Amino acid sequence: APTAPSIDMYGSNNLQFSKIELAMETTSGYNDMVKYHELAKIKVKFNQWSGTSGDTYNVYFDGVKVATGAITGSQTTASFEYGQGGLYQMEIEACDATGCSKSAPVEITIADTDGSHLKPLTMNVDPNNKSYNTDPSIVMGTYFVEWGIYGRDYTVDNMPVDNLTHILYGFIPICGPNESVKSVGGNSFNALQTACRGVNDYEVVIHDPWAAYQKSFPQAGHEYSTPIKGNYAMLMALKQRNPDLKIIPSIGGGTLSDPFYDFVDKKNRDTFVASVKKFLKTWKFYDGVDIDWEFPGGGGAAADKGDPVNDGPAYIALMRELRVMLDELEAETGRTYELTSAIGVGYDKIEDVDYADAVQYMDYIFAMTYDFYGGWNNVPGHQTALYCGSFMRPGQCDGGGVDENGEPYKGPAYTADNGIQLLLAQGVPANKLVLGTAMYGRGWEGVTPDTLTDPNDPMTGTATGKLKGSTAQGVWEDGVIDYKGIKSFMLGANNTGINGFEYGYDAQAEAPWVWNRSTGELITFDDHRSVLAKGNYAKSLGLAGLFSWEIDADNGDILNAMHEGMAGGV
């Protein structure tokens, strides 16, 4: 017989609650911005403006009582805790000694990071991406980058997810020594220093919380009060659409690998592995972990770091210790968690790790069979070729011979086949290796015809510097160009070459190029033909599948050719 409660929607955070508390309007340390609770804190204000209020309230979700407390006046705030994400019809009842009166039901949301409160994501994929029916057991992976939402304007709902089995989210940094990040300029280091305030060294953090969970995406149905927004809320809604798609955070990458060189100390590994466990319990849409340490032994961005005696065994120990932790999560959740790693494939990188030992702990190795040549120097070559190119010298392919100064080659050439063969020779099983495809070109200026030793092959020339171009042409950093920019501005509709560029293909290497003989611009990349050759290769060797770097740079053609090539190999 009291008055039925009316729910104050605006005073109850629009009935949006969450197991994860996320700061939405600042940028601070990771431990200050992100706190995961086993029970969501619920606070609901209700009013009884007319008649009597009664003395007690009960709260129901879907008919089931979840809380009770005192009413002592005409406005009451009910505070309680609840453990399970999703959407529930809430009713609040006010009671006196004579009876109870229930409010009309209203939907409350309790966010959780598995996306249990979310509908399947609405997609907006470029229709140049075709449908395939590739065997679900073949890996078809790609990297999606956190910063691609900015100038590149490529968001989670643009991914052709039905053509993927694995999405690797690039990149999760590690707090600690990170000089390599400073050298890249822009805000990357300042963002990391901010994220790491109040965080122990060697723990993972989110690099850009605005892209990860603050930015409101209208296509995802985000509102002011939505407790999780950003790329991460869209990836959660994507798992509701595609529950078998594996979404895996990639830790490190070329500029964020400096802290790994301190993993020779096991206490730093222990700190890192515990931070990864907490991260996967905080962000439950993730299905494992991908380690992108570039590179054990060195030769990467940190010129002053790298230990070829100890980094190998440390990498192996880290995989073993991650697999231990992941087994604990599997035991706790009843889920399967995957452990993978993207690795360098030059002989001088592979020689520093016993991968047959490491891979026993791992589901897949993503062989980075790209970046073999590029604008960091003026020597052209195929950056992602399967085999040795026509431009190579006698003895250069297998490392038997000498360079132009007569100095012995130190090891076999940088090609995808040389890397895969070295890894098989160590005893890595073929069915754990994933072959990489580039959705980008690398390139140079100044490779003009007077510099060539073979007049029909620009790979025999000499550059003056890195390729330059505008972001309108897909050039986001000197020396690199999106595949879709090569296609729009250099190849043209017919693949015969436009804007002063001509197309060529080195059939021995399985590698395309475009070359502008007057500016000397020369770009090495992957195309439909070379990607079919890679798929025929992967199928011949019984590799696990193919993956690509990075998805925003494709227009459909490369991912289509990945599926075609895997269907089509002979």
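Residue numbers run from 1 along the displayed sequence.
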Original post:
Given the B-factors recorded for C-alpha atoms, which segment has the greater mean, 395 to 403 or 274 to 282?
Top reply: 395 to 403
Original post:
Once you work out the mean C-alpha B-factor for both 181 to 189 and 225 to 233 from the entry, which is higher?
Top reply: 181 to 189
Original post:
For the listed residues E146, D363, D304, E321, which one has the largest C-alpha B-factor as given in the deposited model?
Top reply: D304
Original post:
Looking at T113, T333, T165, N158, which has the highest Cα B-factor in the entry?
Top reply: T333
**OP:** Check where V125 lands among this chain's C-alpha B-factors and tell me if it's the lowest, middle or highest third.
**Re:** highest
Original post:
Should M9 be placed in the lowest, middle or highest third of its chain by the C-alpha B factor in the entry?
Top reply: highest
Original post:
Looking at the C-alpha B-factor of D478, is it in the lowest, middle or highest third of its chain?
Top reply: highest
Subject >> For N242, the third of its chain into which the C-alpha B factor falls >> reply: highest
Original post:
Would the CA B-factor of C95 place it in the lowest, middle or highest third of its chain?
Top reply: highest
